[PDB]
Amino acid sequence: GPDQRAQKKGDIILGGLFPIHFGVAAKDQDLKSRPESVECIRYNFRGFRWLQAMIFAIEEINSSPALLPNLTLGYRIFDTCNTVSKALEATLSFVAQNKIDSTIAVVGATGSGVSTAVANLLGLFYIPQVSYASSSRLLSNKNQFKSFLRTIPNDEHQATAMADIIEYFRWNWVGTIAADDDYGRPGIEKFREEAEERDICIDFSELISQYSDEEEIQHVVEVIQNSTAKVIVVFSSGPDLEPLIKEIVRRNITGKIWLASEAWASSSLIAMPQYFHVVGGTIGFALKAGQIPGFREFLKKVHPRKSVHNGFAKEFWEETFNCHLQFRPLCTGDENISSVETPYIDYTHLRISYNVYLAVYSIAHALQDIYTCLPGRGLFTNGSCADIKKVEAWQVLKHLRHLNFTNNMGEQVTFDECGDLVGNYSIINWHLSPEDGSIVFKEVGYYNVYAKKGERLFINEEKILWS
């Protein structure tokens, strides 16, 4: 498969897909010469941290005598660059054996459009796929996506929560903006429905993307400028929102109340001090934080020399310290992760990282249920058991479907009939640090998804800065 990867041999192999870069180099192909492989661009430190959470979980599991005693979990982890084409190249390598007719499960991907394309392929071979971040309602369809599960909740609930917040403040007038993809469009469509139900009037609705040109961006900015709406609901990833926000900042459009979907509510591409005059005071959703003891210390042990199995550690180092590995100064190999602020280690809560950790543990526990299976008490024909020495992916899928374990936070993890894992949301608000000058994500509330109308939303208004 692909050149740059994180790989380690084992008895049972987990595939991994993570956005180590935010995108791909805009060399629009006129096809005058044979297309070359496209270059990934813009290092995603947070994504590398996500990838680390998978490697951490696997090492921790292998270090546990109790969990899967006979066996070692290995891995094969690739960079998607947030792009369907790269994700799919990687995925063709995961199914290489099956297609000729060995990867037993896949953790990923991030964007719902990437996970969809991956799922169409993995589902052919009944290889289970557990996404840590793809939240589109479209992936809940088990007729189309037969092998897909996720440790993040479905956006039906988040979109409803957005309508509930607006109704809570007795607002009645908003604008909407959505990424033109399988995350933004179904999220905002559900929002529209719930908003109409609550007599919230929507003054405009625009689409954006990472690749919107100057005219498209200009048009959206003009719609925003010509509207009396103050509250703008935005369902988008950071990369898809960034070009719009840059232009809004350029024109100094001040005083908007931004309501942020979870994909950009914590995005370092948007939460930048020099945008704060436009973007300050945004209110957004975040998933519930989880804890992973020892993960931060593991993170600080990365090294381009010592990390033999993780071929992304090299570029990570070069990007962090702005150097080149043996004029771009050469890296010493002795520099200090703690001296440079990036999202790699500058975080307070683990959210998506926790979902990654749970995705791996879901797979591991499903395998453990195979290991401990007693004849007659199994899930397959005639109460038969699968053989863990010769496990097939479809058996792991079966076990993932019936999985029920208690996680380190004391919570039961099970997947519903659609492969979804239910969850609540935290509500955060963008403040400026008086110490730091940086944007701080203050928790101001939470949303309890499965409570009765009018008992779901808990907000501490006193904590909100409207700028």
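The first residue of the shown sequence is 1; numbering continues from there.
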I'd like the number of residues from the deposited sequence that lie between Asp101 and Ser102 yet are not in the model, binned as none, 1 to 3, 4 to 9, or 10 or more. 10 or more
Between neighbours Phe327 and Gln326, residues that the deposited sequence lists but the model omits: 10 or more
Where do the C-alpha atoms have the higher mean temperature factor in this entry, in 72 to 80 or in 297 to 305? 297 to 305
With respect to the recorded C-alpha B factors, which stretch has the higher mean value, 112 to 120 or 265 to 273? 265 to 273
For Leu14, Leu17, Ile20, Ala451, the deposited C-alpha B-factor is largest at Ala451
Highest recorded C-alpha temperature factor, please, choosing from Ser362, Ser140, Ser131, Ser338. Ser338
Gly184's Cα B-factor: lowest, middle or highest third of the chain? lowest
Temperature factor at the Cα of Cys331, chain-ranked in thirds, falls in the highest
Mind checking which third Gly376 falls in for C-alpha B-factor across the chain? highest
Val38: CA temperature factor from the record, placed by chain third, in the highest
Here the Cα B-factor of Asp213, set against its chain, lands in the third termed highest
